[PDB]
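In the block that follows, a single chain appears as structure tokens, in the form solved without the ligand.
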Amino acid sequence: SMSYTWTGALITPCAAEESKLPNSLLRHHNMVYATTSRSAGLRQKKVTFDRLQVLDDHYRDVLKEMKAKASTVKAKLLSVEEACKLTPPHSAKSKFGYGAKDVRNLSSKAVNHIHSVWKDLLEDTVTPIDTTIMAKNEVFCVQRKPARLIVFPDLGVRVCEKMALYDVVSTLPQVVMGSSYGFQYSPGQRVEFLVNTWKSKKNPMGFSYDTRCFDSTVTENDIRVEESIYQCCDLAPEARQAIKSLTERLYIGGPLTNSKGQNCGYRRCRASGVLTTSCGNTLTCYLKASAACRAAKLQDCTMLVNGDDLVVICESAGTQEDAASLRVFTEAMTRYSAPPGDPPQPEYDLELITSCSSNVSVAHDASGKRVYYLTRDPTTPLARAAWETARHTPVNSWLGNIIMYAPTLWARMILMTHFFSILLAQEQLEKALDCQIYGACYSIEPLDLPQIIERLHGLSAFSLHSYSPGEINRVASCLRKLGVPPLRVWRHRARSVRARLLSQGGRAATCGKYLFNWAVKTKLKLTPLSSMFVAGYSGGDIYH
């Protein structure tokens, strides 16, 4: 069928939509835009097409292996109270007279409605369920992306999803997919694993695979298979019925309704704004790729899967033979309805492969020992940082990136300096800030950063020092390209900040001592002083 059909009703905004900055971070403010509903139509054209899916024996076999491992999982139902507590404070309200605030408080109005939505789930396993459709507001840098489409059901339903499936999507994928399951790794854990699986090959070859608009490529069959997998778990019988209902009424598809309550059409592919999205896309990606590997006689594959994002490291068969078996791999994925965006390409250097928007690089600690860490082209981070510092926003990408990319050259020299300067200037150091990690919302105290980083990256994070020439040129370039002060200018700014922080004692002094030792010249000695990287949840409406 078609991924979507349209009525012609517009995808409409809920509120005013900014698309540009209203400046000591970056000069070329021209280059930063936010996406808006103004670009919905273009995206609309890209995500809508027919899906032809041909299975084969490798598909059927990998699924059989997955269903066998899923049968070792036992999963419990979540009480209303637990499901309510997982709902973010600012999650979109219900069209039935209550908001997340009422949900979090166990207001008897929200809970009663939630009871009725659940009851109706058990009784009716057919009637499609209403979804809202929305263009996202996401900041990027020039050289333009159409806004992504987000699709999500009413708050009431979302809470039922949690009850029915939070335990499953938190617990199953790991067991089903073992070490391929990306969201069980912190960044140092992910580097360590990529690097070890690369050293483990006699003659290694790697390649990422970009599936073109993955959410569209997911078929209604795919979503029933995925259900068939959940069902292999030892479930409560009420969980079993709600899961059949949710999938048949919502996951499989349904009507799309814009912010003004008009009907935009009907979806027959993955909704992005549901609980099963990450888990769904990760299982569906692992299954197709694991099978595509077999079709292409790829020798000795290890995979890493994070939703629609896929890395494969295997034994090379020769550079010709490689290029070729990769084309077969692609044919297989295409048959399975996951055709390519960029066409995939072999790499014989781990450092050259990008996955989850990231790549492995290396530097050196105090002792000169070499250290691998995860980094990325810092353009979108800096872009969003400029946005976040200009317009006030609920989301703080900067902090997320400081946490994820603490070891990187750019996060230490630029993000850390910049934002500790603002916080010191605003006397807002003590305040918790919300940020996204593998799609879940965590409240974090910026002064905790040092221990957080020590815990997730090791102490070497505070003293890495001979960054690769490629990495240094990527940063410098991005700075010039963007109009951000070169790295030497941050060094001077950091000494100033480090100093102010040191003067305040307590945890600020630790922030200054640790975060900015790289900037001093004569170094201080840096001695020693989380259920966060377990599962993926973007679009799952989760808070911890």
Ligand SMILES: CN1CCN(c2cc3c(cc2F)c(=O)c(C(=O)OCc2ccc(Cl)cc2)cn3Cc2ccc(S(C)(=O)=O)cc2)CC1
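Residue numbers here begin at 1 and follow the sequence given.
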| Which fits the stretch between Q143 and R144: none, 1 to 3, 4 to 9, or 10 or more deposited residues lacking coordinates? | 4 to 9
| field | Unresolved deposited residues in the interval that joins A15 and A16 | value | none
| Mean C-alpha B factor from the entry: is it higher for 88-96 or for 429-437? | 429-437
| query | Given the B-factors recorded for C-alpha atoms, which segment has the greater mean, 507-515 or 28-36? | reply | 28-36
| field | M66, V489, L482, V497, ranked by C-alpha B-factor: the highest one | value | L482
| Which one of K109, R158, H457, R391 shows the top CA temperature factor in the record? | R391
| By the record's CA B-factor, is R190 among the lowest, middle or highest third of residues in the chain? | lowest
| field | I414 - which third its CA temperature factor falls in, relative to the rest of the chain | value | lowest
| query | Sorting the chain's CA B-factors, does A236 end up in the lowest, middle or highest third? | reply | highest
| Where the record places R335 (Cα B-factor, split into thirds across the chain) | middle
| message | What third of the chain does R376 rank in for C-alpha temperature factor, lowest, middle or highest? | response | lowest
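Same protein, other form: the form deposited with the ligand bound, not shown, and the subject of what follows.
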| remark: Counting only non-hydrogen atoms, the one stretch of 329-337, 129-137, 258-266, 467-475 within 4.5 angstroms of the ligand in the deposited bound form is 467-475
| said: If we define contact as a non-hydrogen atom of the residue within 4.5 angstroms of the partner, is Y59 a contact of the ligand in the deposited bound form? | reply: no
| query | Contact between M413 and the ligand in the deposited bound form at 4.5 Å, heavy atoms? | reply | yes
| query | Might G506 be said to contact the ligand in the deposited bound form, defining contact as any heavy atom within 4.5 Å? | reply | no
| in the deposited bound form, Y33 touching the ligand (heavy atom, 4.5 Å) | no
| remark: Heavy atom within 4.5 Å of the ligand in the deposited bound form, from candidates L55, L42, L502, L487, belongs to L487
| query | Just one of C293, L409, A385, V159 has a heavy atom within 4.5 angstroms of the ligand in the deposited bound form, so which one? | reply | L409
